[PDB]
Amino acid sequence: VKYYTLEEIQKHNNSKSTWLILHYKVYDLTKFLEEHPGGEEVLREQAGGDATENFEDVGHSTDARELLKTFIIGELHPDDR
Ligand code: HEM
Ligand SMILES: [Cu+2]
């Protein structure tokens, strides 16, 4: 496992680097921003933070969750969970 602090994840909130936390897992979605069927805006608003509630609320297919696995870079540090 690779752990990332909330302090570190929060720096990745822009077009050069966008990270997202979903259910304690950290994803680098920089290359996915323009490819997202739900638009760049919803991802840009949540960039550098936890979006678990937002992701589950709209509903996402198993296909969306399998695609999500390809962007995983680590997990949120246990002290920030
Ligand atoms: C901030 C987090 C996210 C929000 C709020 C969000 C929101 C949405 C919305 C509104 C749609 C439109 C379909 C609908 O009306 O239900 C959608 C579709 C989709 N999203 Fe996201 N999404 C998020 C993150 C992601 C991520 C991280 C991925 C994958 C890497 C992803 C992949 C998709 C795909 C593939 C679809 C097409 C419909 C489906 O397969 O379920 N989304 N998203
Ligand atoms: Cu989960």
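The residue numbers shown here are sequential, starting from 1 for each chain in the order of its written sequence. They can differ from the numbering used in the entry, and residues that have no coordinates are not displayed. As a convention, the first chain written is A and the first ligand written is 1, with the rest following in written order. Only hydrogens and water are removed before side-chain values are computed, so all heavy atoms of the structure are retained for them. Residues with missing side-chain atoms are left out of burial classes, side-chain pairs and their counts.

The name the PDB entry assigns to the protein is Cytochrome b5, from the organism Bos taurus. UniProt positions are given in the numbering used here, feature names are shortened, and annotations may be inferred rather than shown by experiment. The protein has a UniProt comment under Function that states "Cytochrome b5 is a membrane-bound hemoprotein functioning as an electron carrier for several membrane-bound oxygenases."

Caption draft 1: Highlighting the site of ligand 1. Near ligand 1, the surroundings consist of 17 residues, among which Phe32, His36, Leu43, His60 and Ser61 are the closest. Between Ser61 and ligand 1, the recorded distance is 2.5 Å, taken from a side-chain N or O atom to an oxygen atom. A pocket, in this scheme, is an open set of points on a 1 Å grid over the protein atoms alone with protein on both sides within 12 Å along at least 5 of 7 lines, while a cavity is a set where a 1.4 Å probe fits but cannot get out; residues line either one if an atom lies within 4 Å of a point. Criterion for pocket placement: a molecule counts as inside a cavity or pocket if more than half of its atoms are within 2 Å of its grid points. Among the detected pockets, ligand 1 sits in the largest pocket. Working definition: helices are DSSP H or I runs of at least four residues, strands are E runs of at least two. Numbering for both runs from the N terminus. Residue assignment for the shell around ligand 1 shows that the elements contributing at least two residues are helix 2 (40-46), helix 3 (52-58) and helix 4 (62-69). For each residue, the test is whether any non-hydrogen atom lies within 4 Å of the molecule or strand; if one does, the residue is near. N or O atoms closer than or at 3.5 Å make up a polar contact, with two conditions inside protein: a donor-capable atom paired with an acceptor-capable one, and, for residues adjacent in sequence, both atoms drawn from side chains.

Caption draft 2: Highlighting the packing of aromatic side chains. Aromatic pairing here means that ring centres of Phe, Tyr or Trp (its six-membered ring) are within 6.5 Å. Orientation follows from the plane angle: under 30 degrees is stacked, over 60 is edge-to-face, and everything else is tilted. Under the definition given, this model contains two aromatic pairs. Arranged with centres 4.9 Å apart and planes meeting at 70 degrees, the rings of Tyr4 and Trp19 form a pair that is edge-to-face. Here the residue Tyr4 occupies a position in strand 1 (residues 3-4), and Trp19 occupies one in strand 2 (residues 19-22), the gap between them amounting to 15 residues. Residues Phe32 and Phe71 carry aromatic rings whose centres are separated by 5.3 Å and whose planes lie at 50 degrees to one another, so their mutual orientation is tilted. With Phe32 in the loop between strand 3 (25-28) and helix 2 and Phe71 in the loop between helix 4 and strand 5 (72-76), this pair connects stretches of sequence that are 39 residues apart. For the pair formed by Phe32 and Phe71, the shared burial category is buried. Over the aromatic face of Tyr24 sits the side chain of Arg81, whose NZ or CZ is 5.9 Å from the ring centroid. A simple rule labels every residue: compare its accessible area, found with a 1.4 Å probe on the protein chains alone, to the largest value its type can have, and call it buried under 20%, exposed over 50%, or partly exposed in between. Remark: a charge is flagged as sitting over a ring if the NZ atom of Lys or the CZ atom of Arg is within 6 Å of the ring centre and within 35 degrees of the ring normal.

Caption draft 3: Seen up close, the UniProt feature "binding site: heme" in the protein. In the UniProt entry, the feature "binding site: heme" is given for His36 and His60. The annotated residues occupy 25 residues of the chain but converge on a single region, no pair of C-alpha atoms lying more than 11.9 Å apart. Residues that both appear in the annotated list above and line the largest pocket are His36 and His60. Position of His36 relative to the elements: it lies in the loop between strand 3 and helix 2. Residue classification places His36 among the buried positions, given a relative accessible area of 16%. Among residues more than four places away in sequence, those in contact with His36 are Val42, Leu43 and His60. Within the secondary structure, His60 sits in the loop between helix 3 and helix 4. Look at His60 and you get partly exposed, because its relative accessible area is 25%. Whether two residues are in contact is decided by their heavy atoms, any of which lying within 4.5 Å being enough.

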